[PDB]
Structure formats: C-alpha cells, structure tokens
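A short write-up of the structure that comes next.
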Amino acid sequence: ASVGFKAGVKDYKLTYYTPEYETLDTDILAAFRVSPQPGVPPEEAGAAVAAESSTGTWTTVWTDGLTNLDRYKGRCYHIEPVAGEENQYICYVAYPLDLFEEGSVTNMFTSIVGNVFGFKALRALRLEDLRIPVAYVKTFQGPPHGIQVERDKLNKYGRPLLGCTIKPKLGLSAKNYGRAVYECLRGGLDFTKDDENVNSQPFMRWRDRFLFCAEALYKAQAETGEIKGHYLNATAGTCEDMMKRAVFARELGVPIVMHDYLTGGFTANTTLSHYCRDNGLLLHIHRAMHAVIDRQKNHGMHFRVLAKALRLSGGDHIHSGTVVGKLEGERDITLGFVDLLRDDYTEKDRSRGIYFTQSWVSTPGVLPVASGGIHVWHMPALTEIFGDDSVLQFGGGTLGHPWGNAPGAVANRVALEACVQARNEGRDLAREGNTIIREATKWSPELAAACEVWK
Amino acid sequence: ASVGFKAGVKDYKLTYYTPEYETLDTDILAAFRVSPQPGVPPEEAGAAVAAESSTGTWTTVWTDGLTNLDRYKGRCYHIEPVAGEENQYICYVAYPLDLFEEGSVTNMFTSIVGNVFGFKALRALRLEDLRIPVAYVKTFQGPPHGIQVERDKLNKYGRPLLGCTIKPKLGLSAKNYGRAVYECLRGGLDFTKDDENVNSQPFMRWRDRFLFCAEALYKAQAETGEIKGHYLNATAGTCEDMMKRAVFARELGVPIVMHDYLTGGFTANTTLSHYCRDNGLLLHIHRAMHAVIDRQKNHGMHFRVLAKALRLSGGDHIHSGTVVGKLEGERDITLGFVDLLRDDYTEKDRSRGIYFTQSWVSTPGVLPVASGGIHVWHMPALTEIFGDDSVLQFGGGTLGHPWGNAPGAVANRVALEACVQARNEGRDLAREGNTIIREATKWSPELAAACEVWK
Amino acid sequence: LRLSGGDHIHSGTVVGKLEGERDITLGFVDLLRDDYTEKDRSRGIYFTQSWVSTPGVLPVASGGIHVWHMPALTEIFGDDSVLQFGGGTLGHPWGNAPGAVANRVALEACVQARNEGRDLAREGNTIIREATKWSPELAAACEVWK
Amino acid sequence: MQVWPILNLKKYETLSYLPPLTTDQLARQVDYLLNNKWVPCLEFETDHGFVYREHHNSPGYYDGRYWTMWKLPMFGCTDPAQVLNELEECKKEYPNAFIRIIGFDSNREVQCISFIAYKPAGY
Amino acid sequence: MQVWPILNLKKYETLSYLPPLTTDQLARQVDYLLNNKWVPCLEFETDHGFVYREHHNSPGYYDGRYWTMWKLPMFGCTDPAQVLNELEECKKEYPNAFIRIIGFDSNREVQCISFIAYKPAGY
Ligand SMILES: O=C(COP(=O)(O)O)[C@H](O)[C@H](O)COP(=O)(O)O
Ligand SMILES: O=C(COP(=O)(O)O)[C@H](O)[C@H](O)COP(=O)(O)O
Ligand SMILES: O=C(COP(=O)(O)O)[C@H](O)[C@H](O)COP(=O)(O)O
Ligand SMILES: [Ca+2]
Ligand SMILES: [Ca+2]
C-alpha cells in the first residue's frame, strides 16, 4: 500500500509472513502442503504462497499508494513441518472476506488456487483444506434440497438408499437401456443411474433416453409401490443445452437429474443447482475428473476441498468413493470429509485430515454416494462405515447377478435390510457381518445366488 | 459384447491391448504417460488405461450381449518406454468417434479423463496429447473470430499486440481503476486487462468497472487515433450472471471480454464463445488454475491438451506463459503448443512434445498471450520466439515505470517497434537484441528511463 | 417469385442469343414488371395475366457483359432494370473504381443519346466511342474488351 | 520525469512510434515484403487519417479503417524502387493525404502489413 | 493508370458522370420529357445537395432526398424554352443553390426523372 514511489523489484518475506496474526471469523483460511525448492526456507515459501495468491507483484507499482493493500493481502500466519517428509510444510494462509464475489465458487477458486501452483520457488503445492467463514457461507444457496428434505420427499427412512449404474455405458439403445432400468428398480433399488459419460451420443440421443427411462421408472414404481428415481444426466456442452435437458426432466415430473460438476464446471453447476431448487428437482453430482487433481499427495487439491465447494454451489448427492479396499487413515480421511458434507459443525481433527473447524449455519447436508466395485459382501462394512445417510451404488454388483437385474436388485435390498435389522437389534456389523449375510441366504435364494458368485 | 452369460469377474488384458490395431481417421487418439504400480507389466497397464476409460467393467454383466462392445471399446494399440525413467511408458489409446457428444469439450474430457486417473494399478497418470479427428473438429465452432479476423477488426498489422494488467488487482475503486486504464492505453498499448480475480467484489462492483473502463478506453482511442480495448472480465458464479456481463459489454460497443475458462468451466465457456461470435465480441481467455493440473510431469494433463480444448470450445486469445526464464526443451515444448494453437496443420514432432499430427480443417487459430515478469529487455527475445502473432502483456512492466503508466506504455511500444524494424531490416534479434534496445534509448527518454530500472 | 415476393430477380442477358429467345425474355420481363400482359404466343405468353396492382419486380441482367453491351442492354431492358457487371468491373486494368466509372459513363452516354433521339440499335458503338474521347476510364475498358 | 504529450499526438499503428523512416529505411521495409513474397500496395486518405465512429457503434465496428487504394497491389514487383516511385507519384498527386504502404500475403490470404509512409505537413 | 479522385467528387445521380450539359443538350433532355407527356418541374437546394442521415437510421430512411420545389410542376408546358426560362429565374434567385430538373409521369403516377441542371461555383 501507499508510497514515496521509486520503481524497482523489492522483496516479499516481511509483508506476507505474519506469524503473529490473529485470524478473523470473516477470513477464508487455507492449509497448503508446501514443498519448496532446495534452498528456499519455509518462512520464505509460506510468504510466497500468500503473496502469489493475493497482492504480491514482481516489481513495485505506483498504484498501491491509492489503497491500503494491507486490508487486501493474503497472510501466511503459521507454518508447521510435515512428519516423515523432508522439506515439506503445512502453511496456513488467511484471505480477507472482501477478496471474494458472493455466491461464486468460481471466484473463490480463481482467487486462492488460480495462480500459486506455478510459482518457481515451489517444487509442488497441494491445497488440503479451506475454512469457509459463515458470513461467506450465507451468500450461497447450498444444496437444492439436502438430506432431510430428500428423505421426506421420497418417504425413505432408516437405511442407506440404493442405486445401480446402467452398463454398458455406451452401446445400448435408449429402449434397451430403459428395459434394464425397469428390471433394476422393480427388484428393490431406489435409483438407477446414467453413467457420467452418457450425455447425448449417436446411438442414444438424450431425449429418447429420458423418455424411455421415464416409462421404465413409472412402471417399476406402480409395480412395487415404492418411489423410484433415475439420475438423468443433464451434463452438456453449453448452458443452454444443459437447461433444455433439465426442463424436459421437469416436464416428465421425474424426481432427480445429474451433473458432472468438474467437467461441466462450477458456473454451470450453480445455474443447474438454482434451477433444481426452483423446480423441486433433486440433483445427483458425479465427480468425474477428480483424480486428475486430488490423487497425488504432493500436488493438486485434496477432495475435501472439492466437496466443500460442491456443498456451497449445490448438490443433493455427491460421490465419495468406497472405504473398502483401503487401510485405516484413508478410511479416517474419508469419514472426515463425509462429516464435512453432512454435518452442521465439524471440529478440527488432524487425525482425519480436518485442518479447520467448519460451521455451516444450517446449510443442508449432502448425501455421500459409495460406488466402485462393491457387491453384497461389503454390505455390513458399508452400513457400518457410512451409516444410514448414504447412497450405496451397485453397477456390476447388480447387472452381474446370474439371474438378472431384478434378482440382482433383490439380493442387494435384502442384504442391506438384513444388516440394518441386525444393527438395530444390537448386533456388531464389524464382527458379525458375514454371519448376518449367511443367515439371510437361508431364506433368500436371490441373495444366496449372489453370495455364490462373489467373494 | 455378446454372451452365453455366466456371471463373474474375468480379466482385461486380452481385449484392450491391441498392438495390431490400425487407427481410423475418425478415432480420437490419446497419448498417456503411464507409471504402473510395481509388478504391473506395461501391456497390463496400457490395457487397464483403455478399459478404464471406456467399456471395462469389474464383473461380467449380461447386457453386453445386447450390443457389439468392440465397436465402442477404447484400445491400447501401442506402448513405448520413456527414456530416463524406470517403469514409465507412453501408451497410445484409440477411442471411436461414436463415444462423443458433438461440440462438447465437456463430454470429451469426461469420457477420456473422467475415470482412469484413480485406477489403483497405476501409481500416476498424465494425459500428454490428443489427436482430434477432423470429423469431430467440424462439430465445434472454434474461436469466435481468430487471428486473421481479429487483426482485420482492429486494423493492427505486422507486430505483436501489447497489453497491460491493471494492478493492484483488488483495492482500487472503479474510477481509479479506469484512470490507470486510460493512462496505459494513451501511451501506446493496445489493450489493458482485468486480473483473473476481478469479477464483482465489495469495493468494485462489475458494472461500475465496465462503465469507467469504457470512458477511459474511448478517451485513449480518441487521443491516439488507434483502436483500443480492455479485457472486461465476465467470469461469474452462474451462467446468468456471466451473460449479464457480456450483454452490458455489447451495449457499450466495446471490442473484447474475458473469461477464466477453467474456473468458470467448459460448459459456460462454450456458451460465452457462441455469444461472442453472434455479437462480434473478441474473447480473451485466462488460464487460471492450469498449474493445479499441468505442472507435474507424472500426473495431470499437459497444457497442450487444455489448449486444444480451448481452441475447440472457443477463445480468440489464450495465455501460454513466457518462454523466458527456462531452458531449451521447455522452450521447444511451448513453441510446440503455440503451433498447435495458431496453425492449420501440425506434423508429429516428439522433440516439441507433439505426439500426433493434428489438422484443424480451417478452424481459426488462437493468439497466444505471453505474460509474467516481463519488461523491456525481454522484447527482442519475445519477438523472436513468438513472432508477430502474439500478445505481449506487461503488468508490473508498465505500472512499475518511474514516470507512470503512459511513459511506461511508450517505453514498451517503442522497444517493440525498434525490434520489429530491426528484424525487418534483417538484424538478428537473438544476437543483437540488447544493442537494438540501447540504440532506441538514445532517442527515447521513456525507454531509457525504463532500461535504467530493469535488468 | 412475384407472388411470394422479391424486389429484383435475375432474368439472364438477352445478349448472345437469337431473336425468339430474345422475344421470350422480353415476354417474361413484361410479366415481372407490368400490371397487365395480354396473351402473345410469339413471346411465349400463353395467357393474359392481370396483377391487380401487385408491384412489379426489377429484372437483373447478368452474365459475361461489359461496356460494349451497354447500348443493347439499355435498348432491350429500358430504364427499369439492374445491369450487373462482375468480371466486367473487377476485370478493368486500372481497378474497381475506374472499372465502375467506365460502366457508369458508358450507361449515362447511352441514356443521354437515347433521350436525344439517337438510335441505340444502330448507333451504339458510335455512342460508346465518342464517350471514350473524354473518358480515359471508358477508353481503357474499351481497349480490353471486344 | 517527462509527461507524455496530449495534443497532436495521433499515431498510425505499426512503426509510427519510431522517428520517421528515411528513404533507405523505407526501402528496407519494402524489401522485407518482397523477400517474403508479399504483395505491396499503397493507400491514401485525405479526410480522417484516424479511426472514428459515425455510421454504427456495435462491437468491432469502426469507420476510418478503410482508406483508398492507390492504383492496384503491385503483383510481380521485384524492386523496392518501383514501390518508392509510386509513393512519389502519390505524394505528387495528394500532398495533403496520409499515405501508407500495406502488403498482402496471398498464401495466408490476408492483408498482413501496414505502415505510414507519408504524413502531410504538421502531423 | 489513373486513380479516381477522392476530394470534391460528389455526384448527383443521372447524367452527373457526363460533362455538364450545354443549353442545347439541356433543351434536348427537356424535349424528351415533353415528348413522353411527362410534367417538368424544378427543385433547388442551398444547404446539403447530397444524401445524409440525421433524423433516423432505419433501412430506407435517408435525409437530403427531398429538395424544395421551385414554383409548381409545369402542367401543359409545351415548349422547352418555358422550362429553361424558369431555370434562369431560379438561378437568378438562388445562384448558390443546386438546381435539378425532375419530371412526373401522371400515368405511372410517379416522379420519373431527375437530373442536375445547375451546380453552384466550385462543384
Ligand atoms: O461407474 C461407476 C461404478 O460401477 P460399478 O458399480 O460397476 O463399480 C462409478 O461411476 C465410479 O465407481 C465412480 O468413480 P469415483 O468413486 O472415483 O467418483
Ligand atoms: O497477472 C499476471 C502478470 O502480471 P505481471 O505482468 O506484472 O507479471 C498474469 O495473469 C499471469 O502472469 C498469468 O499466469 P499464467 O501465464 O501462468 O497463465
Ligand atoms: O456471378 C454471376 C455473373 O458474373 P459476371 O458478371 O462476371 O459474369 C451471376 O450470378 C450469374 O451470371 C447469374 O446466372 P443466371 O443469370 O443464369 O441467374
Ligand atoms: Ca461410471
Ligand atoms: Ca493476473
């Protein structure tokens, strides 16, 4: 800020490393995992991250004297070494509320993550967590409906919801696709789903798919008496095409649409979220492309950050991966962002990867969706790990059943209900899971058939 | 495809590794840099990448028999070791034209990159290049205007265009912001620019900024007689807000708007691109967030892929970084994607990171924008490296001049014209750059003043 | 087209063809411009046609024409026509502007002559040549064509 | 610290911020065109040598961009002297006009260069 | 190769690209009207003798098309001399105005001719 000009380069460090700073409740806080280049000390790196994601300029400019830049700068207020990693630190940065456009996740990401990742003084950089202050949270709509309202609309209580992705994703005609949908739903699954890739393509145009899927879902609902849904993928090339798709779903009176928020983008996602709220449509969010960004530990953005952003922009469901096939810690990390998606308040907990205490001031929670190579035998585990408020999705786990989709669905619905009943009776799912499943096979031929095929 | 069902897991390998495959001119080809987990052989990894980005399922499903899945599968048709890297290979994958929605970059990325990056058999994965077949290229609008039309609209020929980012990005009031804009333009720069972060914020709402920037640019144009522009940032939280911003720019009769395509997203970007074509607005694209994805060599997506996608979705300018401060090779890689952005045809050239020959069937070229810590002394280099068809942007390099914005602008415009004249006279910019600049200081006090401050 | 609507319509050139085809063209030209055209088999008009004040359409003569056809075109089509010169303009040795001047002068010379009572059919070439005496642009064009 | 002038400081795009070209410099710029196989052509304007907006105001629309062609592009021209002779004929005829040399690249199929070669007195 | 002039080369439609009409030529054009039973009339303009757009810009709208009538159309006129005498009275009164002769065809019910008969000095 201010001047007595005299052009020239100058140095960051003293200006952006403010270890004495007391954060304001209105500040957006970021926890960056910084891997500096050799020779760059930690304080220097932290200061660079702050300067490079806010007001740092490479050479002094006279206009800084027309404002008070201190009021606008990002500040590295804390640094701590990462255990078991040489030259790697967690740097905490505070950003003033005034830097951000209200209600715009697009602007939030552009400001924090738009520039710093390419800074030469850093070898690698990863955003691990963001503390979104409640005054900024209030500028967003959040989920169109959220957990509580969704269960009330669907009249489904006391158990995880169940879905199934139709496969093969490409190749089936709209009608054969709908046939698969009806056979799956009539067996007891609550939802069926379009693959993230299924938008509108040569062998299956979107309108034809939406139309046959509607016929299939209404027929399954009339047969079973339970409310059904099919995630109709509205992801498209332009905002106009996406809206056309959402509008037809509305015309059909169906309950839920879907959007690939990362490939579609936050600007389009927020538009669709607002439309769903205004029209009573549930919105299922698929996280396609997330691993391009969140997989590597040293660079990118951890998924918990992409999950908070989605809760703000808006979605009623969001894919959170399976906790299956991974060790504790990764199990703990998942449970950690699951709390961040569902709860109103989550206290800081480094054992679960939660760097900041986060409050949501009544913004609705998002239902996490467990998907990926799961079948009947993982049921006790999934129920134990996620609890009731989750959607368990079985693609191959349903369409791979030897007797077909309907029995495949029955097997999954019976397996889930057996676990819920057992848990409610006080049985230990963690210890007695396999026994609970086996007992159910005694009276369920469908379940017994499935158990024979898998694991 | 087809069956004689019998449920159960099964194995990829034979099905997705097709080393004998002859690619079709209609196929979309991908070059992935694959780092398999220890113990996974290359053929196995390549087959996994193909299966996991197309039809591979974890367990056999009966519906595959209702189609001919061979017609829809991705195929790993070639694998080659990466030199100087253990257990790292380049796997080539072919995707049939039919898997993609016409005109949708959103669907192209979802299909190729939406799922594979999280596959456990891989340690890391990076998409290096895509060969977009001309039949798919024809389904996109491409740039609203492109290089040739832009120069004709602006009446600017035979030299790189010049711009300047207004700083500080946040803190100035709309009016002081416009004052900076007028002082920069009147000195000889063609464009001024909103920082990627400047959308609409508490101290400077968008409409006020657009309005004062219009007054400033018209005043600078009337004074100099040369056409001027200011990249008005239209990036917003929803499609509706973005459109409102573009519409006001149209009402003002100004020539160019801006969009952060990655943080805004491809769906919103394609909408804005179509609007710009229909309304005669040039579109400057900022690549905020790119380094989150393209920086690390072992994981993510190389920028050349993000640049091809933008040329399809649409943009008239796109930031391509500076070639300054880096060794050859990185210089060669940049020149390689620069050709991919501007030319109609680029032959395969591994020395420049071009894995596939690419044709554009007359889709307009995109102007690359060099930006980032540059000043008058880099002028000969930039002119030599980029040639005439580029935009050179100087933020600190202009607002950091000791006499102010206008003289800062004059210094840059004189420095550029001195280099252009010299090159045209047959002088070697690479060898005589510093001498060309020094001679100009003899008659340009503004340039002499700048030369004293920097390097 | 006169019913659906158009203000101009291409009717071909009468140049390069024998009478009869010349008569047929003049016949549909009347059908495009006039309010009433009586049956006339010598011109290919099989029915008497009335238009009850529906506006006439301007015929457009186009196709391989240049300055030398000017007297002929003016004679055949009269004032209510559009004469189009593509190669006849962009093909002029000094460029488009002089190419345009040559055509405008050639046309005005013919109109003035006709108005003075000169016979375009008999004196066309003489009318053009006299204009070249004072129009370098026209003289340049006359040298290039026919 | 010098203040960039405000009055009579109108510019004419490429090369207009440099001191006016000498005949030798002018000839060297013309040789650049020829060596690149670009077709030289001259344009002149007597009224407004700068951009303005009279007939419309929508994005990308400006008046004053087109000037008038002096003769025709110089196809086959192989000598910078030919071009400069024409600049002389043009100046002889329009001493009150701004004259600029432009070039066309028939391969890129576009006008590709434009630089002021003559400014009337007091400009 | 001559370059078509740019300055002071405003035209006035029909017959304006020919050398100015002599009194005999002028009389011959007037006889053309009379022989066709068209009614001659004179119009003059002192301000802008050319088309412009001040009051509106929609398609087909232009200002400067209407000039002011000198007296009334010359119904029953049978002698070119009458018309030319009027041109003289008009010039006497408005030596600074552009004067044109127009004709009306009462059968086609439309104005049918228009040619400049007098241009003030330096036009
Ligand atoms: O198609 C499927 C699963 O099919 P199946 O049920 O047959 O495994 C899901 O989209 C992905 O698992 C999601 O990926 P992510 O969880 O990484 O978002
Ligand atoms: O603000 C600036 C430069 O300001 P200055 O001219 O003062 O350096 C640009 O947005 C970035 O350099 C672009 O980043 P990238 O090139 O990585 O897209
Ligand atoms: O392009 C031209 C003529 O160019 P040029 O003036 O150089 O001959 C016209 O469109 C055709 O002659 C019309 O055809 P038709 O008269 O059969 O409709
Ligand atoms: Ca899927
Ligand atoms: Ca910037």
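One table, with the values for the structure above:
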{"item": "Mean ellipticity per residue at 222 nm, deg cm²/dmol - from DSSP H runs of n ≥ 4 across chain E, formula -39500 (n - 2.57)", "result": "-7000 deg cm²/dmol"}
{"item": "Of the chymotrypsin sites (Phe, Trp or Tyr not before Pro) in segment C:1-65, those whose Cβ has at most 10 other Cβ within 10 Å and which sit in DSSP loop", "result": "C:46, C:47"}
{"item": "Distance from segment B:379-455 to segment A:385-455 (C-alpha centre basis), Å", "result": "72 Å"}
{"item": "Residue exposure sequence - B:376, A:82 - by fewest surrounding Cβ within 10 Å", "result": "A:82, B:376"}
{"item": "FRET E, pair residue D:50, residue B:428, Förster distance 41 Å, beta-carbon r, rounded to 0.05", "result": "0.75"}
{"item": "Check: the protein assembly as shown dipole with +1 on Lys, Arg Cβ and -1 on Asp, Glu Cβ, in debye", "result": "1680 debye"}
{"item": "Across the identical copies, how the residue D:28 labels are spaced - nm, sorted shortest first, 7 Å along Cα→Cβ", "result": "6.2"}
{"item": "Cut-off 9 Å between beta-carbons: net charge of the residues surrounding residue A:77, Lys and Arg +1, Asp and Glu -1", "result": "-1"}
{"item": "Violating pairs (Cα-Cα greater than 19 angstrom) within the set A:6/B:167; A:455/B:6; E:11/E:119; A:73/A:138", "result": "A:73/A:138"}
{"item": "Value at 222 nm in deg cm²/dmol, rounded to 500, when DSSP H runs of n ≥ 4 in chain B each add -39,500 (n - 2.57)", "result": "-11500 deg cm²/dmol"}
{"item": "Sequence of A:337, E:104 once ranked by neighbouring C-beta atoms within 10 Å, starting from the fewest", "result": "E:104, A:337"}
{"item": "Percent antiparallel among DSSP beta bridges (both partners in chain A, rounded to 5)", "result": "50 percent"}
{"item": "Qualifying GluC sites (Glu not before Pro) in segment D:5-77, DSSP loop, other Cβ atoms within 10 Å at most 13", "result": "D:54"}
{"item": "Closest-to-axis residue of chain D (Cβ criterion, axis taking D to E), whole Å", "result": "D:57, 8"}
{"item": "Distance between segment B:255-322 and segment C:1-30 - C-alpha centres, whole angstrom", "result": "54 Å"}
{"item": "Rg/Rh ratio calculated on Cα atoms of segment A:248-404 (Kirkwood radius)", "result": "0.97"}
{"item": "Largest-first ellipsoid semi-axes for segment A:141-454, taking √(5λ) over the Cα gyration tensor eigenvalues, angstrom", "result": "27, 27, 17"}
{"item": "Rough spin-label spacing in nm, given labels placed 7 Å along Cα→Cβ, for residue A:156 and residue B:438", "result": "7.7 nm"}
{"item": "Of E:15, E:57, E:1, farthest towards positive along the dipole that unit charges on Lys, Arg, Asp, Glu beta carbons give chain E", "result": "E:1"}
{"item": "Euclidean distance of C-alpha centroids, segment C:104-130 and segment A:150-215, integer Å", "result": "81 Å"}
{"item": "Longest exposed-site-free window of chain B, the sites being GluC sites (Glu not before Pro) in a DSSP loop that have at most 12 other C-beta atoms within 10 Å", "result": "B:87-327"}
{"item": "Position residue E:66, label points 7 Å along Cα→Cβ, spacing to each other copy in nm (shortest first, one decimal)", "result": "3.1"}
{"item": "Under 13 Å, Cβ to Cβ, from residue A:320 - net charge with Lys/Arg +1 and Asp/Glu -1", "result": "+3"}
{"item": "Segment B:162-315: antiparallel DSSP beta bridges as a percent of all, rounded to 5", "result": "5 percent"}
{"item": "Cα gyration tensor, segment B:14-140 - rounded (a/c under 1.5), prolate or oblate", "result": "oblate"}
{"item": "Filtered chymotrypsin sites (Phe, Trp or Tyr not before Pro), segment D:27-67: DSSP coil and at most 13 other beta carbons within 10 Å", "result": "D:66"}
{"item": "For the protein assembly as shown: rounded, prolate or oblate by the Cα gyration tensor [a/c cutoff 1.5]", "result": "prolate"}
{"item": "Equivalent ellipsoid semi-axes, segment C:76-123, via Cα gyration tensor eigenvalues times 5, rooted, Å", "result": "23, 12, 9"}
{"item": "Label-to-label distance, nm, for residues given as residue B:2 and residue B:26 (7 Å Cα→Cβ offset)", "result": "2.2 nm"}
{"item": "Cα-derived Rg over Rh, computed across segment A:236-315 with Rh taken as Kirkwood radius", "result": "1.03"}
{"item": "Paramagnetic reach from residue B:211 in segment B:165-183 [backbone N under 18 Å; point 7 Å along Cα→Cβ]", "result": "B:172-182"}
{"item": "Simple label model, 7 Å out from Cα along Cβ direction - residue E:79 to residue E:11, nm", "result": "3.6 nm"}
{"item": "Cut-off 12 Å between beta-carbons: net charge of the residues surrounding residue B:34, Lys and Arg +1, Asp and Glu -1", "result": "-3"}
{"item": "Shape call, segment E:4-58: gyration tensor on alpha carbons, a/c limit 1.5", "result": "oblate"}
{"item": "Paired Rg and Dmax values of chain D, which use every Cα atom, in angstrom", "result": "15.4, 50"}
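Values quoted throughout were computed directly from the atomic coordinates according to the rules given, and no laboratory measurement underlies them. As a convention, Cβ positions derive from the backbone with ideal geometry for all residues, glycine included, and neighbour counts pool all protein chains shown.
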